[PDB]
Amino acid sequence: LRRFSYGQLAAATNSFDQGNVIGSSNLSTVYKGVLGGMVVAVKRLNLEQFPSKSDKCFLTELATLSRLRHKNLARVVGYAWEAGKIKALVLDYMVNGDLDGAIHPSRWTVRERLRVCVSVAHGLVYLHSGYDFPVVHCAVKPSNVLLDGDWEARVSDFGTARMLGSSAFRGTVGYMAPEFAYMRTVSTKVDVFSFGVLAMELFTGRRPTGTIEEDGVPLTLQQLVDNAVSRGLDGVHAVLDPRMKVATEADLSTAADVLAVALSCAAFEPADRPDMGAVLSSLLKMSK
Ligand SMILES: Nc1ncnc2c1ncn2[C@@H]1O[C@H](COP(=O)(O)OP(=O)(O)OP(=O)(O)O)[C@@H](O)[C@H]1O
Ligand SMILES: [Mg+2]
């Protein structure tokens with residue numbers, strides 16, 4: 001875990017040039033950087049506008065990510081920490097962007113999307129039980145899944161992690177377990193829920209925003225998928241991502257099986273949700 005200066009990160013990011021921006025939110029800007037010539041991502045918190053959650057998310061990401069390692073997790077290289085000037089994480093650069101960009105001939109066949117689910121599941125199994133204490137990520141969603149030079153998925157963005165010991169929901173709310181969104185309850189099951197929603201979006205191509213139908217009742221992504229799965233393989237086909245090739249029985253059957261797993265993950269009651277271990281198990285049977 002190297003500590004970097006402002007000047008070092010300024011130089012690496014070409015003076016934080018707009019053309020090096022590879023990612024943005026209200027709370028941070030992520031820059032491509034080059035330090036032995038190692039390519040990195042520099043996640044720079046927005047200290048000027050949002051000092052106190054910049055601090056919370058900075059320290060959370062730094063404390064959490066510096067203790068963890070796994071092939072399906074983002075990797076921290078170092079940080080810069082100069083109050084009032086810069087707080088930044090220096091991360092392994094992931095050349096193929098994030099899963100949100102990948103979702104919204106194509107490489108993203110049913111098998112390749114199943115592979116991403118498996119990879120993310122490995123990351124989440126490690127978070128929940130591979131370290132000395134369970135780490136709950138709390139923001140599982142496609143924009144927090146990055147892609148390798150080998151298109152291997154990596155769980156990223158630990159700014160909301162906790163260590164234990166038109167639309168229907170806009171922005172990121174559609175990914176959140178109800179007990180997490182409404183009461184900030186944190187358990188490993190909140191990540192199981194979000195993983196279910198991620199998998200649904202990955203195979204339908206639909207953000208989990210949902211829709212207010214015209215009686216004013218919201219149709220969640222989960223309910224859309226539940227209705228399709230209940231209508232059999234032909235129902236599932238109707239709801240799958242139109243940009244995804246679904247030609248063989250095997251590809252449709254595999255996608256149907258993922259959505260059935262995703263529906264169990266997104267159960268309303270936390271106790272009805274499987275653990276990530278059983279989720280991984282189901283997905284590993286489906287990669288055979
Ligand atoms: N290591 C990395 N390599 C390449 N791109 C990255 C990396 N980390 C982040 N990005 C890009 O930056 C975007 C946002 O970064 P990140 O999610 O870490 O912080 P955030 O924007 O504050 O979180 P959120 O978007 O959930 O509010 C990602 O969607 C991704 O496209
Ligand atoms: Mg974040």
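We number each residue from 1, following the sequence as shown. Indexing begins at 1, ligand by ligand and atom by atom, following the structure's order.
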Is any side-chain heavy atom of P178 closer than 4.5 Å to a side-chain heavy atom of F193?
yes
Taking the six-membered ring for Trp and the single ring otherwise, decide whether the centroids of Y6 and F16 are under 6.0 Å apart.
yes
To the Mg ion (ligand 2), the closest N, O or S atom belonging to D157 is OD2
Residue pairs, two or more places apart or on separate chains, that pass ring pair (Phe, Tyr, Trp, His ring centres under 6.0 Å) and touch residues 136-158
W108-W151, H137-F158
Taking it one step at a time, do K141 and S143 satisfy side-chain hydrogen bond (donor to acceptor under 3.5 Å, both in side chains)?
CA-CA 6 Å; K141 56 196 281 257; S143 66; 2.6 Å; yes
Mind listing the side-chain donor-acceptor pairs of residues 278-288 below 3.5 Å, one per line with the distance, residues two or more places apart or on another chain?
from : atom 1 : to   : atom 2 : distance (Å)
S282 : OG     : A278 : O      : 3.1
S287 : OG     : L283 : O      : 3.1

Do any of the N/O/S atoms of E61, backbone or side chain, fall under 2.8 Å from the Mg ion (ligand 2)?
no
Heavy-atom donor-acceptor pair, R273 side chain to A267 backbone, under 3.5 Å:
yes
Sorted by chain and residue number, the residues with a non-hydrogen atom under 4.0 Å of ligand 1 are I22, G23, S25, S28, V30, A41, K43, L91, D92, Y93, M94, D98, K141, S143, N144, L146, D157
Taking only distance into account, with no hydrogens and no angle test, what donor-acceptor pairs under 3.5 Å do side-chain atoms of residues 225-236 form with protein atoms, sequence neighbours excluded?
from : atom 1 : to   : atom 2 : distance (Å)
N227 : ND2    : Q223 : O      : 3.3
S230 : OG     : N227 : O      : 2.8

